[PDB]
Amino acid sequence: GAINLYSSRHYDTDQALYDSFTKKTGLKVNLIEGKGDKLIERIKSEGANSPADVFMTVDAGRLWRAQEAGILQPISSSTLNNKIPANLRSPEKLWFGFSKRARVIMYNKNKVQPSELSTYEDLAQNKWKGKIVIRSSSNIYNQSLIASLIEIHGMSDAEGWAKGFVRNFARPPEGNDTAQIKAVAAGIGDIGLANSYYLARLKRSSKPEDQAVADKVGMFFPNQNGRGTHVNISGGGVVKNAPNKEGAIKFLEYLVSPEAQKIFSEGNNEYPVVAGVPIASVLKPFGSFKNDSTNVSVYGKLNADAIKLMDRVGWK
């Protein structure tokens, strides 16, 4: 038989994972690609007629939106629950993380030493005036990080932080996460926020200009002396009306195997979720880091609050 995998998270190296799955289970993987938000809308519009078995995307904020659209069904699996850390899966078992990213401080190594960095909260301090670059508030990764800060601090204390943070922008938000790393390399900012895997992607590039940017920029995992670094997921779930629910479950279970964890995580320079699986060579030089134990569903729950806060403080 077969499963229909609707994914915004596919890389071509994942074909090896699909082929291994098929060898192990007999199930073919039919891949349907699209942007994550577009795939949610697609599955919603397909309704009860949808062939989708598995939905995969990035960011718990987006997985939460999927869940609230009613397109997922809950799955109880010993294998998923044992192998996936509780903080990286939906409390309601609607979706599950399969690789992990961190939203980190990217810094210009010539201008900034790691001893100068500490927490997310410290980024609102006046010493950083004119020195921070970050992308738009319309980006989900930012929404999820600010949601986490609202959960910790409450709206009033988080708004105080955000006002200071925005005050420190070197320029109006412009470009994607990679653009922020480039701006840090070029001296437009001294620090920026971006996901871990974008630095690794530059490190691995064959383009000399990308390598030169990676040579100039370090990454710092914040809040190590306190709650830990903000982590988020690439993840997925079984679709509400899946025509092959058993096969869908088998696929999710296969993704937590050590083989699949390596292939899937390394395909986008992300970290495994499963304990004991070795980390990608490109990530090792940055070291291990304490992860916050907050359940990542919170970042979806508070997504609208994050958007509102960012609007209120003038984060463009």
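One rule holds for the numbers: they count along the sequence shown, beginning at 1.
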item: Stretch with the higher entry mean CA B-factor, where the candidates are 298-306 and 14-22; value: 14-22
item: Mean temperature factor over C-alpha atoms, higher-scoring stretch between 169-177 and 80-88; value: 169-177
item: Among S138, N232, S196, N223 - the residue whose C-alpha B-factor is largest in the record; value: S138
item: Largest Cα B-factor, entry values, listed residues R201, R227, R103, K240; value: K240
item: Third assignment of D215 from its chain's C-alpha B-factors; value: middle
item: Entry-reported Cα temperature factor of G97, expressed as the chain third it lands in; value: lowest
item: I75 - which third its CA temperature factor falls in, relative to the rest of the chain; value: highest
item: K250 - Cα temperature factor, lowest/middle/highest third of chain; value: middle
item: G267 - which third its CA temperature factor falls in, relative to the rest of the chain; value: highest
